[PDB]
Ligand SMILES: [Zn+2]
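Residue numbers (the entry's author numbering): 1 to 46.
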């Protein structure tokens, strides 16, 4: 039958990288950048 099941309509997006939250995606990704490395790898694994 129909399909209706969710958790909430607020900060539904949760960063699987650290565990943060965000109302939308843009607001989330913009933060996920901290987990995104660049060509020039730093002292950390990445
Ligand atoms: Zn995060």
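Ideal Cβ positions, reconstructed from N, Cα and C, are used throughout, including at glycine.
By DSSP's assignment, residue 14 forms a beta bridge with 21. The criterion of a C-beta distance shorter than 8 Å is satisfied by residue 23 and residue 10. Remark: the C-beta of residue 11 is outside contact range of ligand 1, defined as less than 7 Å to any heavy atom. With respect to residue 14, residue 31 sits apart: the two C-beta atoms are not nearer than 8 Å.
Look at residue 26 here: in three-state DSSP terms it is helix.
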